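Novice: once you've seen the sequence and the experimental structure below, I've got questions.
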Amino acid sequence: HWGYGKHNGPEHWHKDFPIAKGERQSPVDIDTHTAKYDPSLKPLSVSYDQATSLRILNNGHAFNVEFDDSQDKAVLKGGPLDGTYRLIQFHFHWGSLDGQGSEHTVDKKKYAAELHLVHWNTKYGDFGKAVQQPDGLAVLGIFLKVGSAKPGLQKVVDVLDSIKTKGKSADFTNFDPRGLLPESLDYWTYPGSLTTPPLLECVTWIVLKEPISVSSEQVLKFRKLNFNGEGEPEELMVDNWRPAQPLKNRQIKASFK
Ligand SMILES: O=C(O)c1cccnc1
Ligand SMILES: [Zn+2]
């Protein structure tokens, strides 16, 4: 099945998921000079104060920190969105080296990693229904560069040794996702897709302009994870990013000049 290797990587995904070659695939290169400022875009509203994290899981492709999404506890609103989008999980994509790892690029620049906070439109009732809708999801993407440590990330880093291999999960309560956010909520936005199979075209992407800095030690611990299950041959979980896809008939809008 699909993955990030030579024989099952992103260039192969279209054979099982034909939408891989669709009209609104993600990620994309964000050309900052051709994005258009849209003064009518509203400020993002990130309401994470009541977030209830549950657990952290290694799913063989990344690790997800999952949240209780059965009430409006951690929601994204405003910006380009109509309605209320609930946080269900966040995860990262990262590289084998600091010069790569992000999915979106900025003027072709790759960051060391990229955080995805995945939210779904409450009007569709559950995540499964939402991914079937063109406005079903809102993913907040945040770039990571290597520099100073991010204190709010360290609790994630420290639990990774308990979910080294595919299928392992651990309790991960009381984690505050606000500790992963940059100062500025200035953003780019465009319509796109999940960046892993099933690659469904259901996402309003909101990519923050300002990266967060993480330490080399922090991203090194991401790179010690494994794609494989326990007792299978060890393959480090690195370079779990899909490269930029054609923009096609889309315009990236910016909340800022
Ligand atoms: O690509 C993603 O972020 C994704 C794919 C499937 C399910 N949830 C998220
Ligand atoms: Zn992702």
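Specialist: All right, it came through fine. Residues are numbered from 1 along each chain as shown. Ligands and ions are numbered 1, 2, ... in the order given.
Novice: would you map the strands across the stretch 51-200 of the chain?
Specialist: In order along the chain, the stretch 51-200 of the chain carries the following strands (DSSP state E, counting those that start in this stretch): 53-58, 63-67, 75-78, 85-94, 105-106, 113-121, 137-146, 169-171, 187-192.
Novice: among those, single out whichever gets nearest to ligand 1.
Specialist: Nearest to ligand 1 among the strands of the stretch 51-200 of the chain is strand 113-121 (5.3 Å), distances taken as Cβ to the nearest ligand atom. To be clear about C-beta, it is placed using only N, CA and C from the backbone, and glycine gets the same treatment.
Novice: returning to that earlier point: dump the strands of the stretch 51-200 of the chain to a markdown table, plus mean neighbour count and distance to ligand 1.
Specialist: As requested, the strands of the stretch 51-200 of the chain are exported to a markdown table (neighbours: other Cβ atoms under 10 Å; distance: least, Cβ to the nearest ligand atom, whole Å):
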| stretch | mean neighbour count | distance to ligand 1 |
| --- | --- | --- |
| strand 53-58 | 20 | 12 |
| strand 63-67 | 23 | 8 |
| strand 75-78 | 20 | 15 |
| strand 85-94 | 24 | 7 |
| strand 105-106 | 18 | 17 |
| strand 113-121 | 26 | 5 |
| strand 137-146 | 24 | 6 |
| strand 169-171 | 14 | 16 |
| strand 187-192 | 22 | 10 |
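Novice: would you turn the ones you listed into JSON lines with distance to residue 23?
Specialist: Rendered in JSON lines, the data for the strands of the stretch 51-200 of the chain read as follows (distance: least, Cβ to Cβ, whole Å):
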{"stretch": "strand 53-58", "distance to residue 23": "31"}
{"stretch": "strand 63-67", "distance to residue 23": "27"}
{"stretch": "strand 75-78", "distance to residue 23": "24"}
{"stretch": "strand 85-94", "distance to residue 23": "22"}
{"stretch": "strand 105-106", "distance to residue 23": "20"}
{"stretch": "strand 113-121", "distance to residue 23": "21"}
{"stretch": "strand 137-146", "distance to residue 23": "17"}
{"stretch": "strand 169-171", "distance to residue 23": "36"}
{"stretch": "strand 187-192", "distance to residue 23": "10"}
